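Coming up are structure 1 and structure 2: the same protein chain in two forms, each one given alone as structure tokens.
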Structure 1
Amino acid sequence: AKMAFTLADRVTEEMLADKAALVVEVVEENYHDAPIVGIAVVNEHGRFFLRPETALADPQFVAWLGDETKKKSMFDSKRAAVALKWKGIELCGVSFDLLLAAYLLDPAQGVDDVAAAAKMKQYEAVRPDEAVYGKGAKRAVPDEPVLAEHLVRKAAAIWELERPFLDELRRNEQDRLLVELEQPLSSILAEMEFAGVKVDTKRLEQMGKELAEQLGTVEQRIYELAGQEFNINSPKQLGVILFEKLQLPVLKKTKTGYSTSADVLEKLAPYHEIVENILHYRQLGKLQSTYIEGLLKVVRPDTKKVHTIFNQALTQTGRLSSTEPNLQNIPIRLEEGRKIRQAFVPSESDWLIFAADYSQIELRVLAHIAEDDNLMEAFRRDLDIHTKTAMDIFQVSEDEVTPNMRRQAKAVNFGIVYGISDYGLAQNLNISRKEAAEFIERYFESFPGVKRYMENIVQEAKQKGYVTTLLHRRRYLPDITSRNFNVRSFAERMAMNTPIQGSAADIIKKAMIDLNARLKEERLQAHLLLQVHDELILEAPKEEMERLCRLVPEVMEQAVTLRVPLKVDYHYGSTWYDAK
């Protein structure tokens, strides 16, 4: 049964009450400089639909939008805030974001529209966005009558769902998590996205030349060594050449054919010279397709900046994700790829890039949560944790630790955080399963606190049905009770890892909020550009570097107080690559 609402041709005073559910619709997935197709307002006086041209040109409405005392309840306020920033309009007073509330209540639901969130509370008087707009090539904004009813219904759902969601958040002790952490972070992320990062396109185009050239050489070398030409980018075609024509040994299978992953190829290299060339081709081709051509496709031609979109309500652990482009996976490990970062430059003349990253935050959080005496003392002495672990598991003094012993202790440390598995560690170190189990057993002997935590957290997950982080974020793990060994085992690793990865996420999010408050108090022009899970990237005038060198690390180190210190390394330079 249709929903009553006024299709306003002009903005009236009752539309500007100090409390309302607000819908500022942006249909385009990427909301940067995107159109706002309609507006809906629901308050004590009724339900309204306003045409964007009308509303956004009305002085009273714009003032209402920017008045922090006029509270708004929305779904994905960041989308609206950024679309409005591009139109030179400021959105303030958003006191409740249904998307973030739904996300905190249960990240697993994958709530991506008002309808999905509403379903959580048995409210179904609203259609999924996809049913209204369609998807793919058939996506499109419907006629006004249909559009207006959909927006009003979403505003109505939001108006109705606010109390129920806040009630459950409070019961879960997650009310401060939404109000003091996620919602304020949303506004910071919006400023970061809108600001964007400047890209030196000329530098990228030149790198693309060099790559395309040497890639052509390796491509030919590969055909010579194979005795014919084929699509190297085709796992199927490549498998034929390697495991059939060249008779290379099949050490690993995928499921539709042979595995040609770098992990396997590394082992096959000694058998034929084609393997190394294929690996090199794989490296170059990745940089060319994903980072050179890929970036160049999303740089704004007018400003030469890339404007990422941080998905704040997607990961099951509380970490942010980044898209179009994904700026949280720009090469750093290998030098050839690392040079891609020379393309990310300050947006203004005489400004520099400043980056600060937490050193081993996940292992430090683990030491804190597990209260492992050995591990806490190690960080208190600021020891090389990998060398210390090698010393303990292999029972030797520091001087007796060989590089290979450190490499393996390091691999054990990463496994411990991800949810240690004798099978997973074995694959990682290319060793026996029994040998891996022995390393793990030795580790727990040295860190009884970590062992106790791993055992206790799994039982707690089974008892309560979920695990939590420092700031009360939670992740339900129903598979923890499954009778299928594999399904259950994965759930157990999640129980071990989520509190760690999750608490590290909580901490850096808090540091971001604290940092922005400090920057404003000090009236610095410095501002956040990106966040890559455990690090923060900013840009600022060169004259602000010395101050940032003290301010940024301190804010990040003081975000939360743990049983062990939090350590922050920092660097700055003319490009992201130089901020090393």
Structure 2
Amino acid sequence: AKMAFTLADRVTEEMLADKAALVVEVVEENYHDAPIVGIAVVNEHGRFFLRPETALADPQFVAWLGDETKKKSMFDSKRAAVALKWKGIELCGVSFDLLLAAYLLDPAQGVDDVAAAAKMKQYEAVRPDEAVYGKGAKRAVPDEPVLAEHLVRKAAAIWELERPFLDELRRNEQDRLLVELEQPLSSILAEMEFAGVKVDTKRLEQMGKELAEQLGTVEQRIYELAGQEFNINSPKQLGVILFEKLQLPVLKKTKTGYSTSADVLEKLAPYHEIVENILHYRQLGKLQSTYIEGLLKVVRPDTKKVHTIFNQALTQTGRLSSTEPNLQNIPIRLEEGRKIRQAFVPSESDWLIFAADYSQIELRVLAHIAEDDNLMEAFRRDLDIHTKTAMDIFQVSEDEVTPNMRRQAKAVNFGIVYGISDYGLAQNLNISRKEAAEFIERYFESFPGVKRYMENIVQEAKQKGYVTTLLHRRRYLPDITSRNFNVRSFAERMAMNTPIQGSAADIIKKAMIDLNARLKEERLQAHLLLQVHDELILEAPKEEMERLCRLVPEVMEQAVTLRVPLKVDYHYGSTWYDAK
């Protein structure tokens, strides 16, 4: 039966109590400068629905929203906070965010709406958002009666669920993680997203023109060498040309056909001149379609800024993700793509971009957690970790390490940092699974502490059912007991990797909170723009660079205290590209 509530035509005092579940509904997935379709408030006085036009124009309600002493419980408060920021309204006092609470309790559940979170506690008196709004082209805000009941039911669920969610977090020893880390970070992410990053669109357009030129040249060359025209961007069509018309060997196949991935094309290059051209085409095409045209599509015409959205409740490792646009994967490895970064500039005249990154934070975290004497000593001496790993696994002095040895040691470390299988390592180094496994073995012989940790963490995951990070983030691994070798092995690798990657996530998140506190104490105009897993990107007046060179690295390095030092490198320049 329907849920009782007052569909108010004006704001009343009882709607402004010092404790309430609040819903400020933004239906558009991208909430930047998006519409607020409705508001719901549930407190000790009852349940209320308010039309945005009314509430947001009412000075009492606005003041209530901005009053830090008036506590609010919400679901995805960042969405509401940002939508309100675009309307010039401040949201304060959010003491509980159900989305973040559910995320910390179990990232694997994929909770993306109130209904999903509520179902965790057998509460189902609320509908999934998709059921109410639909999806895709059929998505739309329903009539007021339907909308009002939905927002009220969501607010009611939040009101009822706060206590049980907080109680379980306390049992998991995650209450501080929510209240002292994720919730405060949510507000910082809101400011970053709202600020956005300025884009030199003319620069991007110029690069695009140039790429279009090169693409046309290589495209014709490809048809030339192929003896016919075909859709190069079609793995299917390309596969027929390469493996049927040109008879190149089939070294790898996909579930549906011939593989044409770069790793495969690399091996085929010697056989035909068309290959190198296909590779060149893939590189330029990726830049053109994804980084030039893609970025240009989401830049705001009025300010020339891009406003990403950081998904704080998605990854199972505790990392943040970025969308519309994704600003965590802008090219940097190859010089060609790297130039894309020249397009990201300061948002004000005479300001500069400042970037600071942790040096090998994942392996330092591993040295700390595993308490491996060799690895800890390596970082205490601040050694080149890849040269050092090569020295130990290949049993040679430092001057005996060749470039190829270091490359292979670096690939092994990559595998450790990301928890890839011996198969993954074999493909990465183009060697046999046996040889790959062989390197792993040599690594454990030289880093016995790491081997002990891996064995111990796997047993711990099996016994408790989950693994944890430095700040108590948790990840359940039900597959660790599977009688299927591949499935179980993956779970075991995640058991060892999550504490590493997840703790690194915990650290940079706390650094972000500590940094903003310091920037405020110092009254610096500098502010965060982006987080890219192990690095922070800021912009600030050129006159603040010297102070940032000392402040940023220090705050980041001191975020937590490990058995080994943390080290942060930094650079600044006129564009993101120049902050190298």
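Along the sequence of structure 1, residues get numbers from 1 upward. Rigid core here is just the name for the largest C-alpha set that superposes within 1.5 Å across the two forms.
- Put simply, after the core is superposed between structure 1 and structure 2, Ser421 is the one residue in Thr308, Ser421, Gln312, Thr469 with a Cα shift of at least 2 angstroms.
- The Cα position of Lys255 changes by 1.0 Å between structure 1 and structure 2 once both are aligned on the rigid core.
- Its Cα shifted by 0.1 Å, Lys202 is compared between structure 1 and structure 2 on a rigid core fit.
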